[PDB]
Structure formats: C-alpha cells, structure tokens
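For neighbour counting, all protein chains shown are included, and Cβ atoms are generated from backbone atoms with ideal geometry for every residue, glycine included. Derivation of every value follows stated rules applied to the coordinates shown; laboratory data play no part.
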C-alpha cells in the first residue's frame, strides 16, 4: 500500500535472524506470504532476443489511394533448432503497421522481446497460435504442429473489409484478424529468435509461390515502388554494422497511407483571360511544329491519307488547318497549361517588345516533309534557356498533370503494380509524381518543358509563385556512470550522411524530450549549418559533408569545449578557437550525439586509439586523451527511445499539479488535477494522458457472478470509481475509462477513432464462427461526443465506471443515467483507470474514486490487504501518472546478428541467424513490462530495491533453511545465477 | 466517369450483316475517339478501323471485311456494321472511349494514358 | 483434469507404462504465466518412472497420454497434486499449473 | 538444493582468472564499478568452494598460481597479492589463505 520502500525490506530481513539464531516460523511466514504472490518483488529470468525483418513493401488503404486492397506473400522454413540455450525458438510471420510497430532489441512488454503479435499494430501466427496484443489464441489449424523445419506459411491480407488470413501447407488456418486499424501501411514481417533459417517468397522473380494465391489476391512482389528496389531491412534500427565500426542511425523516414493518394489542384474553376486565347494559337502551332519534326525524325511518313497504321501524318500543312476536334485538341494543351499556370501566382506575358516578332523562323531543308513542307515552321528559339524558376514551375505543372490523371484512373478503379496488365485495371505509373521514377518524370515533363520554353521564346513575364515531435531526433549519450569531472578528453564523430546530427558534450541529467542545445544541459555543435548550440544557437565553424569527422574535445582544467573538423580547429566568428569557455565542471560531462531523420553517424569514443584518426593531428600533442582509452569493455550508450511510456507526474512539474485532497465526509478520497500556468505565460493546451498507478486485475475464472446491505456488500464483486469534470473544463475534452498496460499512443487530438482495436474471429473448417472476441488497448467513453456533454453550464459532470471483475463488463454511467457503453473483456486483464483531458480551465479533472451503494471502492480492487474493506482510501501507492513521449533506454551490448541475402531467382531472399543471445530481464509485476537488468545502472531506486530484495532472499534462506532454499530456487534459477556470475556489466 | 458497354453477337454464315452497338454514357471528355480492339482466341489483341468525332475513317491492320463503323454524338453511341464475315473474324470485340484520337499523340504521357475500356462481346462466324 | 494439446508432433504410438522411465524436459508455468520451474536451465531432464508417484499425478497422467518425442501441454488443475497447496514459496494455493512438456528417450 | 559442482568448479577458476588478468592491467571500467566489487564476490565464492572441497588437485594448484606465480611455482605475470587492493579484498584474501 505504501509503495516500494527499501526499508520495509530491511524490517523484513531483520524479522528473520535473531542475533545469530534464525527463526524458522518467521522465515517460513515471509516465504509463504510474500514470495508466492510474485506481485510485489521484481521478478527476473533469462530470455532470448527477438529480431524482426520485413521486405521493402508497404501497402495501405485510403480514400482514393492508388494501391490495391488484396495482397499475398509467403515464408518457408528451412531449418529450426528448437530450444537452443533453454528457450523456445520464437518464430512468427504476419503483417505490421508502419506507425506503431517499432520493436527494439531488449526490453518490451511482458516477458521477452517483442515480435509480431506482441502489440496491436502487428498480427502474427507461430504455427498453432494467433498472436495479437501479447496474447496467444490457440487456433484450430489442421496441422497444429508449430513451424516445423519443413513448413510453408502463406499469409494474405484483404484491406477492404479488413482481414488477415493464414494458410499452413495449403491447409486453411481457422482464424482471422478482422476490423483492425487501417491507419498506416501494412508490411510483411517475420519475427524470430536466434537459430532459424527462412526464405521470403514474395512472388514473381523474388521467389515462387508453392501454393496459388486465392482468387483476387495480388502477389506482394509487385507492390515495390518504382523509385526503390526490393530488399530486406530491419523494422526500426538505431544501429548497423559498418567497416570502421557500428553506425548509429537516426529515426527512419516512412511513408503514409495519405502519401499514396493524389491531391491535384483544381483548375476547371480557374477563369481564363483573353491573353490565354492570344498565346494559345501560336503555342498549339509550335506544338504541331516540334511534333512534325519528330514525325520526320521517326519512320512516320508524310502521307495526307490520315492512316496511323501506315504511319501517316494527318495534318501535313504548316498552318494547323485541321478539323474542329483536332484543332481544340491542339489548343486545350495551352488552355489547360495556362489555367494551371494562373492557378498559381504566375501571370501571362503579351509579347513584350514584340519578342515573338524578333525571334525568327530557321527552316532546315534536310528534314523535308513530303506533305507539310521543307520544314514545318521549325520556330527555333533565340537561345532562350530555361530559368531555374521556370524549371521548378515545369516540375510543379508535371506533378499536377500526373496527379490529375492518376486521380481519374483511381476514380475509374485502377491500381498500381510493378508489372503492367490492362484487363485487371493495373498500371505501373499510377503512383503519385513524387514517388515516380526519374525516367517517367522526364517523359511527363518533356512536352511541358517544350511548352514553357516556347512561352519564354515569346514575350512572357518570368516569376515564381520520422518528422513528428519527439520522433525526429535520436540522442545517443554515454552511460551516466562514465561522467568526467577532470582531465582532457577527446572523442570522434564521423558523419556518414550530411545533415543534423548535433555532436558534443552534455550534462548527466540531459532531458531526452528537449533537443540538444535548446537548454542548459547540453554543449553541442550542429554541423548542418555549423551552428553551436548552448541555451540557443550561435554561428560558428563551417558546415560539414559526408566523411567529415568531428573530434570533439573537452578540457575540464581549462573549462572549455573545442570542436575540430578533419584535423583543423574550428574557429568562431570572433576567431576564438574555443567554441565554449568558463564551463563549470558541475556534476560531469558525457559524449552525446543527436542524429536526425535518415542520418548515419559513427561515434568513436576512443577505445581503439589507433582507430582514432586525426588524433595525432589534434589532441595527441595538446595533451588530450582518448575517451575510454584504457577501458576494456566498450562504453554502453543510451538511445532516446521514442516509445510513449507512462511515468509519474513530477512534484515540481512547471505546468501540471496533482493535489491529494482528503476524503472527509460526503466526499471520497480523490486526486484532483490543476493547471498552474493556465491563462498566463506558458499556458500550453495539449492532450494530457493520465492514469492511476495501480491496476485492477480481472478474475482468472469468469463465473456468472441508503444504508449498505452487509450481505450484498460481502458478496460484491463489482468495483466503482468516478471522475469529476468541473464547470470550466469542457466536457468535450475529457475521456473517462480504462487502459491496458499496452497503451503507448501519445498522439495529440486523441479520439476514439484512433484507438487500437482488432476482432480475432476464430472459426471452424466448415465456416461457423467459433468465437468473435474483441481486443483493444483502451476502453473509454466518447466524452468528446458525449450525450452527457450536450451551452456552457456551471454544473460538474461526474462519470462513473462500474466494472465487474467476475462477469467482465465495464458499464459506464453519467450523472446517474446509464451510458450505452458496455465494454466486455477477457479474463486475466489488468486495466489501469485513466482519463485523457485537454486543459481548458485551471481546474480540469478529479479522480474521485470512492464507492456507491453495494459496491466496493476501487482501493479494494487494487489492494489485496483491503480486499474486504469497504472504506475508500488513497494509499501512497495510488498516484496520477502522465504519459511521457520519450525516455532513456540502454543500448544492448550485443545485437542479434542476422544475415539476409538472395540465393537466386528461384529461391529468392533468405533470412538466417545462428548466434544465440540471451539477456536477464527485470519484470515489474503491476505494469507488465520488463527491461535489462543492466538498465538498473542508472535507475538507482530500482537498483536499491532489488538489492535489498536479494538481501531479503539471503536472510530468509540463511542458517540452513533448506526448504526456503528449495522455494527460492524457483524465483532465482541456476541459469540466472550463472549468467549473473558471468555478467560483467 | 464514361461507362461504355458493347453489345451484339451472333452466329451465321460468311457475309452476314452484324450491328455491334457500343454506348458510352458519361462526359464528352472521351468523345474524341472510339477505338475498337478484337481479341481472337489465342491471338494478340489487334486494332479495328477507328473513328474520331466526326466519323473520320482510318483503316487498321485487321480492317479486312466491310467495317462500316459510324456513331452519333447525341447519346454517344457507335454502331459497327460487319456486312462481310470470315472464319478468322471470330473474336471478342471491345470498345474504348478515349480522349486521344487516331495516330494523334502530341500530348504528355498521362494525357496519352487516359483510356476507358468496356465489357466487349464475343462474335462467332460459321 | 489435465488438458492436453500437442505442439511438436512425435511418434504417437509409444505411450509410457508403469515401469518405463520417462526422461522429460519441462518448463512449469502458473495459470497467469508465472514460471515456477524449468529443467532446461538445469540441463538434466528429471528422470521419473510412472507409478512411483515421484511427480504430480496429473503429470503422470499427461506423460502416460503422451508418446516419445512429442510436445504437449498439461493443464494440471489445483485439485491435482500440490495445485491446492504447493511447496510454500513457489506455488500459490489453488492454482492451475501449465506444464509444457515433451518426452525424450523413454526407457 | 543441488547445483552442478563441476560447473562451478571450473567457472570459479575461469572467472577469477579473468578478474586477475583484468586487474593486472589498469582499466577505468572494473567489473561492477570498483576493484572491491570486482574481486570480493568472486573471492568469497572461491573460498567457499575451497573449504567445501570441490576443487581438485590441479584446480588448487591453479588457485595457488593465480595467488602468486613466483613463490608458488608448480615446477598473469602480476600476482594477486602484489597489486594494490582495498580492505574488503584484503579481508577476503586473508580468509582465503587461512
């Protein structure tokens, strides 16, 4: 009830040994009242790393998108060695969304690394289970034999009426993920542990399907964008092996389902001037002229019989002199071109100084057209080249025309494919013009360049008209245990890709949310523009390029930081060699680098001084020493993980404050939230995500089960809590409900259409639905569109959430009237109470807690000691936690080494790994999340609590309590003990 | 936008007149030409004598036989008259309403790629 | 009532007897997935013969129902063996036991 | 409870050998964060195994060599006695020599 105190463990272990003589009764009582629960103390066991590999394919569904709905791929297993290093060889195949499925090595929810089906963004199948949201549903496949070393998994996805289906060795798997989220780009993905070999069969030249695709399902190999080639890559990698060493990688650049839609500028509503008519005639003439030249150049014969089969030119006259449909076919060229031109800020010239008259007509007798003439009015330009503004205008117009035509095809019902077929309404150029390959770009822009250069020959006026916050920069800093407070240190940073990869030194308390140099906890240099960064940005040095290495050095004796580039010291604007000076030693300094999107940098701290280039040029004679010169093990780093994880509200938060008001009488013990700086400076209005620290856990067995009636209250299985929304706070901004421990969405302007949901429809071989259970990571009322919300009134809206831990329902009520939300969950689900609020008032929300008639308060659910206590209370464990966007995460010392390569045109791409790798994972029981045991090197509170837990274990098994020792062998096993022995970090 | 349907099939001896009616309901954007293509069983689809708005005549590679193809623009309907018949003429005929006319492509690639297809109809010859 | 679902197929005919030593490697789990034993980390399978009651009697029933070389699950309900009251400090009272087992080298 | 005694028997030898070789060269990243945290648990484990009698003849000879190569020659270069140690390591080593 009072939280994790390291002194209560001291009390417990002092309760065990009486001045050299142990008391068996107390030792057994501790081991029977604390250990069996596995809920208070931190559990730990060894697990394997899980790595996921995807093809370079992204398919998505959107309104008016240029991509097909049906896709189908497969993976064949070649060799699996199960139970290498005493753990089941994880192997799952499925789809995954491009926004949300970003598994990182180590950590993860529950136990072990996260693979396909570990969260609601991905949906997997390991052979006999359908994995989704870290919950396995046993599927009734005809084989039910896992993924054997000889096995085939064919996976298909129909994005319209969303469904994902699997087929093992041709047998239909009796289970389908349905009605999932379409907000993103699905990609094929295989998650695996060490010791597997599989071949990715995408179809076509990239492998051959051993089973036919279902009717209407296109092969996945033809979804490759024309700008790229097929390749196997990790999902989201912050590290990649290189020649000199590991290369840190920033956040990847990813597309979106709205990027495959064309959105051209409407030009039919654009009015036309008489200038359009005046210029359009001669522009159409010149179009005919350049074309006649091409007709002469091509086999196209000069035959006025108008027969395309005999390659005959229809017009065959210098003046266009055509029938009406041909004439307007020539003129609407210029008509639509000038409409798109004037839709922008561009005007139209009127033959300034008779420039068209000045420009002459140079006829060439060699290109004589038998019918048109010796030369069909060549209209040679007067060496008027295309202005760069004009060329950008051409590409702009080319993009517009391509988008218009693609929109037409899409409205007709066309889809993009790498191969082209006409009957199935498929095109290889239907992708938007930004995603187009350069050749078709040239083919589209050639005629437009000719038109623009003709207009420039005439007198014409020339005038022109991933990336989310906390997901754009990856911060790699040295571990907090390597802080330097004295001496001369030097470390290098190679810039493999030019851009924003700010490099320098930083304080140990570098906040990962704030960018480097925007605060006082960083001293960095941004070589994208050369600008140094400390509490602002100032000009310095010079911009870098590819291959440039920055040898950042610090002098604690001289209180300076100096940046050198390629062996020469970078000087400031004033000419001072030192970039920063008078730098207080303070707590210490750490090497740090913040890489941007699609950015690659090689951070060489100096473990190999021979590998430290330019160190002899700068640093060796100056007295500077390589960072970690004599260190044997490599320096561990901490990347700024972007996973949104709930953490407690700081007591000194500059804007939000949590007040712990006492229950008193006619009021329940409640946690009220207030906005300190509301209606003043720094009055930010952002979507705040809040939850209570303790979860309520549904019963494992789902049985049918004024004055407070004692027998009803003794047999009560339901629990109640409520949230008060004050008069100032708009009810359209509060979202009252529950969240699973797998909620990691920090998107602003949250709405119930942005929740993660999936219905795992399990069925029978005949087709009858076995079950249609639903899975979601959060269950809230639609407070934004609440009938209770529907006019600003002084009343306060109280929303109660009656949850039956036995039945499984979570019925909501608003102001006594029962709401029509009846979310029903599966057994053994933990559900933290939560509200998401957009602050519109100083008094925003209040977690009232408490109880009603014949209902427990929520404290009875959270706390087992107060299970039968009907008095509402707020023990110090209960607190309000706000969602953090990013947090520090330890980079694993060794990563799973995966080799991906194509064997041939028949076999195709193959993924292989054979190097076993294990980590010890510390698992928080209430939050259902685990991290490295090595990660406790900076989390000192968890370090101390776990150390005193180990001390309690030793004290309770001490003095020959062999029964307790046997009991403790389950919590701490031989493999864990030996790995902790051999673990140097 | 422009939905066009081709109808008219029959079986009779060589020399039987055949009226093939293709109706294009929609905008006049695709009125520029009414192309016709025949898919013979096991043979590359090949081109028919095509008319552009105003009934411009242009004989094609498979123009063998009497291709009396005409069309009205009031309801955008094109009728092809196969007066002659040959055993090799047995094929599925498809009509397309497209804004590119016959052998007339000065436009860009997208404007050359505007094309609307149709159902088509199998025609057999005794 | 031990529920059995096969995971890795095997021979399917050589079910153990009274008198045959089942060499078994197993990872014991609680009903909530809380691991409470495993012979894999001890790297010796715990070599029990059916009929001496060295095991959970549900473990005996499941091992008898299995064959040599085939993974199965054993859903040992608390009423079976020490499910009702397990070695204090390992198994909570009245807890279903999931036993992910496979037979090897049946003698 | 039983644990593979031969496994611990070779593991203590190997681990304390690496500890001695890493302490012989001056490194700024000792295992655990300090020399005392690097050596005290391993010396305690080796002493417990020695008094329990798990170590064999050649293993005892290896421990003796790693304590001091020169005086304890059976017939690393820097012995475990010569190099500077903190008081906890000194106490555990006195218990080891006892």
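Take the residues of segment A:918-928 that are surrounded by fewer than 19 Cβ atoms within 10 Å (Cβ to Cβ) and under 26 Å from residue A:86 (Cβ atoms): which is nearest to the chain's Cα centre (by Cα)?
Top of the filtered list is A:928.
Table: residues versus (1) in contact with a helix residue (DSSP H, G or I) (Cβ under 6 Å, 6 or more places away or on another chain); (2) more than 14 Å from chain A (Cβ to nearest Cβ); (3) not in a loop (DSSP other than H, G, I, E, B).
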{"position": "B:68", "(1), (2), (3)": "no, yes, yes"}
{"position": "B:74", "(1), (2), (3)": "no, yes, no"}
{"position": "B:78", "(1), (2), (3)": "no, yes, yes"}
{"position": "B:84", "(1), (2), (3)": "no, yes, no"}
{"position": "B:88", "(1), (2), (3)": "no, yes, yes"}
{"position": "B:94", "(1), (2), (3)": "no, no, yes"}
{"position": "B:102", "(1), (2), (3)": "no, no, no"}
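If residue A:399 meets every condition in (1) under 30 Å from residue A:217 (Cα atoms); (2) part of a helix (DSSP H, G or I); (3) out of contact with any helix residue (DSSP H, G or I) (no Cβ under 7 Å at 6 or more places or on another chain) apart from one, which number is that one?
Of (1) under 30 Å from residue A:217 (Cα atoms); (2) part of a helix (DSSP H, G or I); (3) out of contact with any helix residue (DSSP H, G or I) (no Cβ under 7 Å at 6 or more places or on another chain), only one is false for residue A:399: (1).
Of all helices (runs of 4 or more DSSP H) completely enclosed by segment D:1-86, which ones contain at least 3 residues that are within 30 Å of residue A:489 (Cβ to Cβ), touching a strand residue (DSSP E or B) at 6+ places or on another chain (Cβ under 8 Å) and away from every other protein chain (no Cβ under 14 Å)?
Hits in segment D:1-86: none.
Got at least one residue in segment A:17-26 being more than 10 Å from chain C (Cβ to nearest Cβ), closer than 24 Å to residue A:934 by Cα and in contact with a helix residue (DSSP H, G or I) (Cβ under 9 Å, 6 or more places away or on another chain)?
No, every residue in segment A:17-26 fails to be more than 10 Å from chain C (Cβ to nearest Cβ), closer than 24 Å to residue A:934 by Cα and in contact with a helix residue (DSSP H, G or I) (Cβ under 9 Å, 6 or more places away or on another chain).
Within segment A:944-985, take every residue that is farther than 23 Å from residue A:7 by Cα and not in a helix (DSSP H, G or I) and give me the one that is farthest from the other protein chains (Cβ to nearest Cβ).
If we take residues in segment A:944-985 being farther than 23 Å from residue A:7 by Cα and not in a helix (DSSP H, G or I), then A:960 is farthest from the other protein chains (Cβ to nearest Cβ).
Among the residues of segment A:442-454, is any surrounded by fewer than 22 Cβ atoms within 10 Å (Cβ to Cβ), under 40 Å from the mean Cα position of the chain (by Cα) and farther than 29 Å from residue B:113 by Cβ?
Looking for residues that are surrounded by fewer than 22 Cβ atoms within 10 Å (Cβ to Cβ), under 40 Å from the mean Cα position of the chain (by Cα) and farther than 29 Å from residue B:113 by Cβ, one finds none in segment A:442-454, hence no.
Within segment C:30-46, which residues are assigned to a loop (DSSP other than H, G, I, E, B), within 7 Å of chain A (Cβ to nearest Cβ) and over 16 Å from residue A:136 (Cα atoms)?
Correct list: C:40, C:41, C:42.
Which one of A:293, A:276 is within 25 Å of residue A:336 (Cα to Cα), within 12 Å of another protein chain (Cβ to nearest Cβ) and assigned to a helix (DSSP H, G or I)?
Testing whether each residue is within 25 Å of residue A:336 (Cα to Cα), within 12 Å of another protein chain (Cβ to nearest Cβ) and assigned to a helix (DSSP H, G or I) leaves just A:293.
Any chance segment B:112-120 includes a residue that's part of a loop (DSSP other than H, G, I, E, B) and away from chain A (no Cβ under 14 Å)?
no
Could you count how many residues in segment A:91-117 are crowded, with 21+ Cβ neighbours inside 10 Å, assigned to a loop (DSSP other than H, G, I, E, B) and within 14 Å of chain C (Cβ to nearest Cβ)?
So the answer is 1.
Which condition does residue A:363 not pass, out of (1) more than 19 Å from residue B:105 (Cα to Cα); (2) more than 12 Å from every other protein chain (Cβ to nearest Cβ); (3) not in a loop (DSSP other than H, G, I, E, B), if it passes all the others?
(3)
Considering each of C:48, C:59, C:36 in turn, give the residue that is touching a strand residue (DSSP E or B) at 6+ places or on another chain (Cβ under 9 Å) and either surrounded by fewer than 20 Cβ atoms within 10 Å (Cβ to Cβ) or under 17 Å from residue C:107 (Cβ atoms) (or both).
C:48
Condition first: crowded, with 19+ Cβ neighbours inside 10 Å and not in a strand (DSSP E or B). Now tell me which residues in segment C:15-29 satisfy that.
Scanning segment C:15-29 gives a single hit, C:16.
Determine which single condition residue A:701 fails, assuming it passes every other condition in (1) exposed (fewer than 15 other Cβ atoms within 10 Å of the Cβ); (2) over 37 Å from the mean Cα position of the chain (by Cα); (3) in a loop (DSSP other than H, G, I, E, B).
Failing condition for residue A:701: (2).
Return a yes/no flag: does segment C:47-57 have any residue that is within 12 Å of another protein chain (Cβ to nearest Cβ) and in a loop (DSSP other than H, G, I, E, B).
Checked against the condition, which is being within 12 Å of another protein chain (Cβ to nearest Cβ) and in a loop (DSSP other than H, G, I, E, B), segment C:47-57 yields no hits at all.
Condition first: surrounded by 18 or more Cβ atoms within 10 Å (Cβ to Cβ), out of contact with any helix residue (DSSP H, G or I) (no Cβ under 9 Å at 6 or more places or on another chain) and more than 10 Å from every other protein chain (Cβ to nearest Cβ). Now tell me which residues in segment C:71-94 satisfy that.
If the condition is that a residue be surrounded by 18 or more Cβ atoms within 10 Å (Cβ to Cβ), out of contact with any helix residue (DSSP H, G or I) (no Cβ under 9 Å at 6 or more places or on another chain) and more than 10 Å from every other protein chain (Cβ to nearest Cβ), then C:78 is the only one that fits.
For segment A:714-780, which strands (runs of 3 or more DSSP E) that fit wholly inside it have 3 or more residues that are buried (at least 21 other Cβ atoms within 10 Å of the Cβ)?
Hits in segment A:714-780: A:722-725, A:734-739, A:778-780.
Quick check: is even one residue across segment A:388-406 touching a strand residue (DSSP E or B) at 6+ places or on another chain (Cβ under 7 Å) and away from chain B (no Cβ under 11 Å)?
no
Which of the residues that make up segment A:416-430 are within 10 Å of chain B (Cβ to nearest Cβ) and either out of contact with any strand residue (DSSP E or B) (no Cβ under 6 Å at 6 or more places or on another chain) or surrounded by fewer than 22 Cβ atoms within 10 Å (Cβ to Cβ) (or both)?
A:422, A:423, A:425, A:427, A:429
Could you list, in sequence order, all residues of segment A:577-628 that are within 33 Å of the chain's Cα centre (by Cα) and not in a loop (DSSP other than H, G, I, E, B)?
A:589, A:590, A:591, A:592, A:593, A:594, A:595, A:600, A:601, A:602, A:603, A:604
Of the residues A:500, A:463, A:492, which single one is closer than 30 Å to residue A:589 by Cα and either within 12 Å of chain B (Cβ to nearest Cβ) or surrounded by fewer than 21 Cβ atoms within 10 Å (Cβ to Cβ) (or both)?
Selected residue: A:500, the only one of A:500, A:463, A:492 that is closer than 30 Å to residue A:589 by Cα and either within 12 Å of chain B (Cβ to nearest Cβ) or surrounded by fewer than 21 Cβ atoms within 10 Å (Cβ to Cβ) (or both).
Among the residues of segment D:5-26, are any on the phi > 0 side of the Ramachandran plot and loosely packed, with under 14 Cβ neighbours inside 10 Å?
no
Buried (at least 23 other Cβ atoms within 10 Å of the Cβ) and under 30 Å from residue B:115 (Cβ atoms): does that describe residue A:433?
Here the answer is yes, as residue A:433 does meet what is asked.
Give the number of residues within segment B:18-59 that are within 10 Å of chain A (Cβ to nearest Cβ), under 20 Å from residue A:323 (Cβ atoms) and either within 11 Å of the chain's Cα centre (by Cα) or surrounded by 14 or more Cβ atoms within 10 Å (Cβ to Cβ) (or both).
Final tally of qualifying residues: 12.
Just to check your reading of the model, which residue among A:892, A:916, A:925 is within 14 Å of another protein chain (Cβ to nearest Cβ), more than 30 Å from residue A:36 (Cβ to Cβ) and out of contact with any strand residue (DSSP E or B) (no Cβ under 6 Å at 6 or more places or on another chain)?
Criteria check complete, one pass: A:916.
Mind checking which residues of segment A:95-145 are in contact with a strand residue (DSSP E or B) (Cβ under 8 Å, 6 or more places away or on another chain) and at positive phi?
Passing the criteria: A:106, A:107, A:108, A:110, A:112, A:117, A:127, A:133, A:134, A:144.
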